[PDB]
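What follows is each chain in one-letter form.
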Amino acid sequence: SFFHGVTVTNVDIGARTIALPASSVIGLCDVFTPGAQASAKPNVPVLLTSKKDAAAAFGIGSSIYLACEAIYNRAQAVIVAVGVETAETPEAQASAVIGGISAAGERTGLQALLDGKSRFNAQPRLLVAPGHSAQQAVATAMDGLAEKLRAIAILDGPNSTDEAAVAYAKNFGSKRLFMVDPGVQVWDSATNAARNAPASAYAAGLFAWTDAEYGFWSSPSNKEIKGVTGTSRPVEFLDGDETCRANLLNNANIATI
Amino acid sequence: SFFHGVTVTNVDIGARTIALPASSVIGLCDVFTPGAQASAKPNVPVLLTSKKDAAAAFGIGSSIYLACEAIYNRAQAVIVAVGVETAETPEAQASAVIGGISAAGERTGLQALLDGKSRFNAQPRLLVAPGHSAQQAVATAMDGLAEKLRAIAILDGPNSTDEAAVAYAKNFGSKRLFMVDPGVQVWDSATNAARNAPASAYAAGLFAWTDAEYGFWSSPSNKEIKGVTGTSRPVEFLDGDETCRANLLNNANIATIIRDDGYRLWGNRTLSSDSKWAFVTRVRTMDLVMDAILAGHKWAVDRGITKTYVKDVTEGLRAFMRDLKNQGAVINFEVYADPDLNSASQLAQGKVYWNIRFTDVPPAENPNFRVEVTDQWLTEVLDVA
Amino acid sequence: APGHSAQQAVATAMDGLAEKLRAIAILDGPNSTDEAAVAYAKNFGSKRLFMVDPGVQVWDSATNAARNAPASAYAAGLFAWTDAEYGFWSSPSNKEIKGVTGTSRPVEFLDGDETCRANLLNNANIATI
């Protein structure tokens, strides 16, 4: 059947969250559960357009959509998101993100981000695996991925102390990576508890924002992150201070908030 | 009966897909079903000119029309298509594709493409058997068929992994082949699913298009494929990348698609071992001026050899060869009769030899943009002054 | 044909007439219940007919009694009205009937209602008021 006339309907929506349309395509890779709602096969990428395709192709509570809402609040950009299956051991859960040519003919993991071109006209100029970049294993094989794509791979340090991420950025001289140490806390629509987001997608959506109207030559240094509360570890910048946490982390080539 | 006046009819048509008319005749051989709609005999070639004669001689869902709508949606070319009967086993289905002279007198399969001349004035300058070229016994016989016709056979690798088609292209160094590895997916009129087309007719329709206005000497690599979505095995081209899927296949001398949804081809080089016949431009100009030399000198293939018969045609071979240099097919040439191989003992039996020596426009495979960000222009700009 | 289209006989031979003229033949259901005209529009898949179920009541110049007009001519005069200034491509859906009172059978359209009489009659491809 069908409807004629006008149909008012009380639905559950809210917080129109407009952003300017960005052009720089970022990649993405995080775990999800391919159930009946998620109409995306696990190791294959999909061209995301807005919040709706991030809600239709993946789960609502899955870790992709929690990272896609980070960028789509800040920049209406283009996501090449290839998820992975949730593993049990974090040695294999990290190694599922790399993947490789380990199928019969096809690819899996981060190595399916090369298929952004020749499927979507969307070559990822930014790379972000939210949460799965505190390991040495994935972040080494993202510089092995970003050198091929000529892109800036966004990383993050762990949720550890300040010095433990200073010594984590000593393992790289990789000249294309970009490390963002403090993890963003977020509210998540009346859950009354701050979830520690990995804050690699929040810096990734900022570059697509500052690409559009400030240009790519403009430094994405002073500019705003939207959809954010007081983060997981308080990083301050006190003027003329030798031991302040922001200037302690700039000299180790690490971005902060 | 008949109607007088005007008659408006509700029909179901669509997608006016007009392209410029091509001239390079291609051959074709694939399978179909001989019913009451396909009003054509199986092992004989029919002359095709548009979509309708692909629809009237072969079935709509038949595999000939799926390969004929792949070319006429790129360039209105001249098809010489000899279908075959759908056999059961692929060892015996490939037996129908080659064919031979295994009838009483006639020819069948790919061997019927020689009958395009002396039936249609259509000698195939391209050879394409879509789908049935991943078998070894067809692509060996398509190369022997292309050597006889002096044409370019379009092949395709298997649709398997990237290290499988490279091992397939190590069967040939035969300098007339052209292999297109990824399988083009086409939408096909609201099927709401993408069918893996064998992608040999799409690149074969591309050579007919680039023959027309870019000339035969143009490298048929960078140019668009139309009627195509995201291919079977997605081949990218990352720059500065040793192991990207395009460059890993170009070293095995295999054409691909590179850009979005298979926008464009990637083939500059044929399936040769010798360095001189590497490109698909040197083997195409060598074989498409030397019929244009002949078409224009069919008068001299039999005539009473007079005093000026050597001199007038070597001034007639030059005068045709300057038009190719006029439109930029070649670079400077030389044409001259042999002083050493033209003797009177050769002239008693008719034989008399001429030399032609031209050179081809090299294609611009791999430009190089070597670039350094400097701190040079920071001093004089950004000052008070 | 006002009133003479509730029969199966005339309305079949109007589609046999409108297919020849390339025209939209306006019909009407009977003055019966709601479901009896739902099953009357199941006899046609005729792709040129147009059925208007409720019969217009009209005053008729101090007769102090509402005559049930068949309401096939009221929808017919509306198409000629919306042809002139809105154009023939414009849908004659929301537009006004003049010279009309409360009709013979009350057809309502309640919003979001599955069983309301107008939406019950749209899904059977029947026009109403």
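Residues numbered from 1 in each chain as written, not as in the entry; some residues may be left out. Chains lettered and ligands numbered in written order. Part of a larger assembly, values for the part shown. Heavy atoms only, no water.

With the PDB entry as reference, chain C is termed Sheath PA0622, source organism Pseudomonas aeruginosa. In the PDB, the entry goes by the title "CryoEM Structure of Pyocin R2 - precontracted - collar".

Named according to the PDB entry, chain B is Sheath PA0622 originating from Pseudomonas aeruginosa. One UniProt comment on chain B, placed under Sequence similarities (unreviewed entry), says "Belongs to the myoviridae tail sheath protein family." (UniProt positions renumbered as here; feature names shortened; annotations may be inferred.)

Honestly, the pattern of salt bridges in this entry has me stumped. Any pointers?
Pairs can form between side chains of opposite charge whenever their charged atoms are close. A complete count under the given rule lists 23 salt bridges over all chains for this structure. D115 of chain B serves as the salt-bridge partner of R107 of chain B, at 3.9 Å between the closest nitrogen and oxygen. The class of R107 of chain B is partly exposed, set by a relative accessible area of 31%. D291 of chain B is the salt-bridge partner of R125 of chain B, the closest N and O atoms lying 2.7 Å from each other. With a gap of 166 residues between them, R125 of chain B in the loop between α3 (90-98) and β6 (126-128) and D291 of chain B in the loop between α8 (282-288) and α9 (309-314) connect regions that are remote in the sequence. Looking at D291 of chain B, the relative accessible area reads 22%, which means it is partly exposed. Among the charged side chains, a network of salt bridges with common partners joins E69, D188 and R195 of chain A. (Salt bridge = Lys/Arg side-chain N within 4 Å of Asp/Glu carboxyl O. Buried < 20%, exposed > 50% of the residue type's maximum accessible area, 1.4 Å probe, protein only. Helix = DSSP H or I, 4+ residues; strand = E, 2+ residues; numbered from the N terminus.)

How should the packing of aromatic side chains be read in this particular structure?
Each aromatic ring pair is summarised here by two numbers: the centre-to-centre distance and the angle between the ring planes. Residues and elements named next belong to chain B. Applying the stated criterion across every chain, the model contains 16 aromatic pairs over all chains. On the basis of an interplanar angle of 45° and a centroid distance of 4.8 Å, the ring pair of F237 and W266 is categorised as tilted. With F237 in the loop between α6 (201-212) and α7 (245-250) and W266 in the loop between α7 and α8, this residue pair connects regions lying 29 residues apart in the sequence. On the accessibility criterion, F237 (31% relative accessible area) is partly exposed. With a relative accessible area of 22%, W266 lands in the partly exposed category. With a centroid separation of 6.2 Å and an interplanar angle of 75°, the aromatic rings of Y309 and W354 are classed as edge-to-face. Of this pair, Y309 sits in helix α9 while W354 sits in strand β12 (residues 354-360), placing them 45 residues apart in sequence. For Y309, a relative accessible area of 8% corresponds to the buried category. (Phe/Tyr/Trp six-rings, centres within 6.5 Å; stacked < 30°, edge-to-face > 60°.)

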